[PDB]
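Shown next, in structure tokens, is the structure this report addresses.
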Amino acid sequence: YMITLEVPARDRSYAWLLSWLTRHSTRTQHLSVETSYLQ
Amino acid sequence: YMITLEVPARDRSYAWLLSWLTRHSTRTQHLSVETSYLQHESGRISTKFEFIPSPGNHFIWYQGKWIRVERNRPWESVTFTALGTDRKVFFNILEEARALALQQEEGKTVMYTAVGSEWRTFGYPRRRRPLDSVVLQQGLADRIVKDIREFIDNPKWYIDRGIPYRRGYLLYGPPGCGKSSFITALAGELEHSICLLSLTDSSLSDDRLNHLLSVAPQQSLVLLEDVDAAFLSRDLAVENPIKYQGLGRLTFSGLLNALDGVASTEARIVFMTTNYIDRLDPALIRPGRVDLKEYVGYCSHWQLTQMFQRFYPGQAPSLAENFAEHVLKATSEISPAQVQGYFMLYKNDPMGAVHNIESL
Amino acid sequence: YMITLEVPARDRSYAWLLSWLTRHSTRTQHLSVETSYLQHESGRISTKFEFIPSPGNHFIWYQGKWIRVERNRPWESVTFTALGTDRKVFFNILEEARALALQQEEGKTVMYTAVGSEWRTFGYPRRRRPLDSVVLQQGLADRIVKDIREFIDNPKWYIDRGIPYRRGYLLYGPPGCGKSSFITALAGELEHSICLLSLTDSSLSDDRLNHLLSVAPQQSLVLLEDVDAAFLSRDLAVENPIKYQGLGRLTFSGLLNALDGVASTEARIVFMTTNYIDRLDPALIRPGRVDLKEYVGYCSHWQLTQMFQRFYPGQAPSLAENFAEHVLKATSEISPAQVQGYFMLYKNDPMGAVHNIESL
Ligand SMILES: Nc1ncnc2c1ncn2[C@@H]1O[C@H](COP(=O)(O)OP(=O)(O)OP(=O)(O)O)[C@@H](O)[C@H]1O
Ligand SMILES: Nc1ncnc2c1ncn2[C@@H]1O[C@H](COP(=O)(O)OP(=O)(O)OP(=O)(O)O)[C@@H](O)[C@H]1O
Ligand SMILES: [Mg+2]
Ligand SMILES: [Mg+2]
């Protein structure tokens, strides 16, 4: 017995949740590289 | 041993059940986000996050029955599994869904659309436009209203003689005179629904057109916009058959037979609109397919006076006569839309629009 | 060791079994919703929730045999599994289905359609139009009725000489004269069924056309609407072969051979309709393919008098003569549809339509 909120791709707050998730990336065993360059 | 009611996507009460399910979203472990936003100012957007039940097996507690509802995932099939064999709770659910849905659609008009070969709703119900807000020529809206009401209220006379129970109207005129607005006002007045049909679609064929015209929702109007643009005719007709001139698998004979043929259904009202009356094939607008044809034109003295007294209520009657006289003296032909725009320039400024009438 | 009768989708008694199954829906754990609506007024729509058996393994208790019926899910195959080897229950089920279905189709006409390469029903059975409600020229409906009856009642004479047992009729005239209405009335009178066929379909080929013409239901009519629009001809025929001029994998030679060739079937009646008699290739309307051709035209004195006495029963005969004289003096040609519309304007108002006859 839990709660499973489902937010698919077609949502207005999709970008907001993605930004928050990038903000809260600490304590995450799986990662993706976020390197940027400035010559 | 249970009862498994199955309601697929192709159902009339599909929206009613969906609305009831959103109403009864409590006690549902699986959810979907239902947030909406209303901007006010200063970057302060109101949040309205709620819970649409997700397409899952949420257990409902309606009447203490532990009813299980499952929506699959493009093909959709809603399921209402219950216990034993009663069938009464299904009746109660359908009745409550009807009571909730019809309550929402009160004072509004529902707009349908053609998806595949079926009608589906298109957005939220729209606010209805008051009939008196649309000003046409003297004694024109009344005639159409009376004719439609007479057609609706006399089904027995049609059957007793054998004529098919059908009707059709055509509106033509210069661009910007009130065709679509009058159609919307009439649909609001008659408490009907509008079904939008496009003849230039890339997924329309004769069989699909016949099926759509056969399965149209009851208490509804079928609207065909710009029938001329879907079939070049006249000068072509003197040499070769009518070409379709567009993208789509449709033919002139198919449309002619679908509008009024052997397989045509009964109790249907169809509206057609065009800007070039002379570009329509005579066989398309013959009686039986289009019973009443009316012409909406440019402004007149009475129309301008009524528009002035509508946009600036409380003004003396002489101002309307002055405005009409000046407008008709300064210009000969003028569309009502231009008058509406000119009035929109002078918001809440009577006696100001009666001076700056230079719109040549 | 049991008996597993298999009836796939392509069966004549498929509708009969479906109707019987909807009749015997009691004792069925799995269901499908069967609600229908009838609006009256004030947003009070009557509900008619019922139960179609869903495509499942519902156990039926016919004659205390625990018969199991399964319908799969677009390929469909209904199954009637039973116990032992008896075959009597199958015959009883088929007979009861025939008794129920033919009871429903009484006083109505069934309209078929071409789906793929097979005939399927198209909506509910339609009410038949009385023959006298359609008024044609003097001594025209009687001739066609007599010819069709003579063709039906004399199969022996055809066989004794080796002539193929086939017939075909063509109706041509100005738009709005009574072609489709007369066809419907004749089909109702003869207790036949109408099969609708379109030559401009996007899924029609010569082999499929031959198969459709070979498997047409018995006691039925085959209707071809607007055969001219499917093949431009005449002026083209003087230079190059007959092009098809449309969307579809069909050729002129294929249609010509299908209508009457080597593989053509027997005991078939075909009706064709057109508006331009001069746009048809002579080889298409030669005897053998079109045995009788008739022209339906504009109104005449007797036709107008009969129409008046039909729309306003109980009136004195002088009024019909007055109406006919005034109509024929005010205008030269007029279509019956226009007269019907003008009468529809003056509902239940005799002596009113005899005064406002200005319809030039
Ligand atoms: N007779 C009228 N009375 C009031 N407003 C009108 C009238 N005619 C047009 N308008 C207004 O003008 C605008 C366009 O009207 P509408 O779309 O009905 O014109 P139309 O004749 O349908 O034009 P089109 O042929 O381009 O569709 C709307 O704002 C509508 O309210
Ligand atoms: N002779 C007639 N008697 C009575 N009603 C008629 C007659 N001819 C036409 N009508 C009426 O006129 C309307 C159209 O008739 P119908 O569709 O049969 O004409 P049609 O000749 O087939 O036209 P089209 O060539 O466009 O198909 C219907 O309401 C029909 O009942
Ligand atoms: Mg418009
Ligand atoms: Mg016709």
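At-a-glance table
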{"read-out": "All positions within the range C:314-344 that are crowded, with 16+ Cβ neighbours inside 10 Å, under 27 Å from B:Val290 (Cβ atoms) and of a type in the set (A, V, I, L, M)", "value": "C:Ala324, C:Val327, C:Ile334, C:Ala337, C:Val339, C:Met344"}
{"read-out": "Hits in the range C:97-120 (condition: within 13 Å of another protein chain (Cβ to nearest Cβ) and more than 22 Å from the chain's Cα centre (by Cα))", "value": "none"}
{"read-out": "Extreme residue, nearest to the chain's Cα centre (by Cα), among residues of the range B:223-269 that are assigned to a strand (DSSP E or B) and more than 16 Å from ligand 3 (Cβ to nearest atom)", "value": "B:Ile269"}
{"read-out": "Any chance C:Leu136 is buried (at least 16 other Cβ atoms within 10 Å of the Cβ), within 30 Å of C:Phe311 (Cβ to Cβ), within 13 Å of another protein chain (Cβ to nearest Cβ) and of a type in the set (A, V, I, L, M)", "value": "no"}
{"read-out": "Filter result (more than 16 Å from C:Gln338 (Cβ to Cβ) and more than 11 Å from every other protein chain (Cβ to nearest Cβ)) within the range C:168-180", "value": "C:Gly168, C:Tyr169, C:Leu170, C:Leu171, C:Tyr172"}
{"read-out": "From the options B:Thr22, B:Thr79, B:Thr47, B:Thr4, residue that is under 20 Å from A:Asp11 (Cβ atoms) and either more than 27 Å from the chain's Cα centre (by Cα) or among the charged types (D, E, K, R) (or both)", "value": "B:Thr47"}
{"read-out": "Selection status of C:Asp260, touching a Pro at 6+ places or on another chain (Cβ under 9 Å), surrounded by fewer than 18 Cβ atoms within 10 Å (Cβ to Cβ) and not basic (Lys, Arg)", "value": "yes"}
{"read-out": "In the range B:162-183, residue nearest to ligand 1 (Cβ to nearest atom) [restricted to those that are more than 15 Å from the chain's Cα centre (by Cα) and among the basic types (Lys, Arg)]", "value": "B:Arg167"}
{"read-out": "In the range C:234-257, residue surrounded by the most Cβ atoms within 10 Å (Cβ to Cβ) [restricted to those that are farther than 15 Å from B:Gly254 by Cβ and facing chain B (nearest Cβ under 10 Å)]", "value": "C:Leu236"}
{"read-out": "Some residue of the range C:208-217 being in a helix (DSSP H, G or I) and more than 13 Å from C:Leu255 (Cα to Cα)", "value": "yes"}
{"read-out": "Meets criteria (over 19 Å from C:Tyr37 (Cα atoms), within 14 Å of chain C (Cβ to nearest Cβ) and more than 16 Å from ligand 1 (Cβ to nearest atom)) for B:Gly123", "value": "no"}
{"read-out": "Sole residue being basic (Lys, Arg), out of contact with any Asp or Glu (no Cβ under 8 Å at 6 or more places or on another chain) and under 23 Å from C:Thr4 (Cα atoms), chosen from C:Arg87, C:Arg44", "value": "C:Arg87"}
{"read-out": "So B:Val296, is it within 16 Å of ligand 1 (Cβ to nearest atom) and surrounded by 13 or more Cβ atoms within 10 Å (Cβ to Cβ)", "value": "yes"}
{"read-out": "Out of B:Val215, B:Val270, sole residue that is away from ligand 2 (no atom under 16 Å from the Cβ) and not small (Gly, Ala, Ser)", "value": "B:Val215"}
{"read-out": "Residue in the range B:281-296 that is within 16 Å of ligand 3 (Cβ to nearest atom), under 30 Å from the mean Cα position of the chain (by Cα) and in a helix (DSSP H, G or I) present", "value": "no"}
{"read-out": "Count - residues of the range B:181-233 that are β-branched (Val, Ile, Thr) and within 14 Å of another protein chain (Cβ to nearest Cβ)", "value": "1"}
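Per-residue answers, yes or no, for (1) within 14 Å of chain C (Cβ to nearest Cβ); (2) in contact with a helix residue (DSSP H, G or I) (Cβ under 9 Å, 6 or more places away or on another chain); (3) more than 16 Å from ligand 1 (Cβ to nearest atom); (4) not small (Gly, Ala, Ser):
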{"residue": "B:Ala263", "(1), (2), (3), (4)": "yes, yes, yes, no"}
{"residue": "B:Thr273", "(1), (2), (3), (4)": "no, yes, no, yes"}
{"residue": "B:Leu280", "(1), (2), (3), (4)": "yes, yes, no, yes"}
{"residue": "B:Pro287", "(1), (2), (3), (4)": "yes, yes, yes, yes"}
{"residue": "B:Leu292", "(1), (2), (3), (4)": "yes, yes, yes, yes"}
{"residue": "B:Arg310", "(1), (2), (3), (4)": "no, yes, no, yes"}
{"residue": "B:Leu319", "(1), (2), (3), (4)": "no, yes, yes, yes"}
{"residue": "B:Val327", "(1), (2), (3), (4)": "no, yes, no, yes"}
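For (1) more than 25 Å from B:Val215 (Cα to Cα); (2) surrounded by fewer than 14 Cβ atoms within 10 Å (Cβ to Cβ); (3) in contact with a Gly (Cβ under 7 Å, 6 or more places away or on another chain); (4) away from chain B (no Cβ under 11 Å), each residue gets a yes or a no:
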| residue | (1), (2), (3), (4) |
| --- | --- |
| C:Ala15 | no, no, no, yes |
| C:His30 | yes, no, yes, no |
| C:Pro55 | no, no, no, no |
| C:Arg68 | yes, no, no, yes |
| C:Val78 | yes, no, no, yes |
| C:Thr81 | yes, no, no, yes |
| C:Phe90 | yes, no, no, yes |
| C:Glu95 | yes, yes, no, yes |
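Neighbour counts are summed over all protein chains in view; Cβ atoms, including those assigned to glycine, are modelled from backbone coordinates with ideal geometry. Laboratory data are not the source of any read-out in this text; all were calculated from the coordinates shown.
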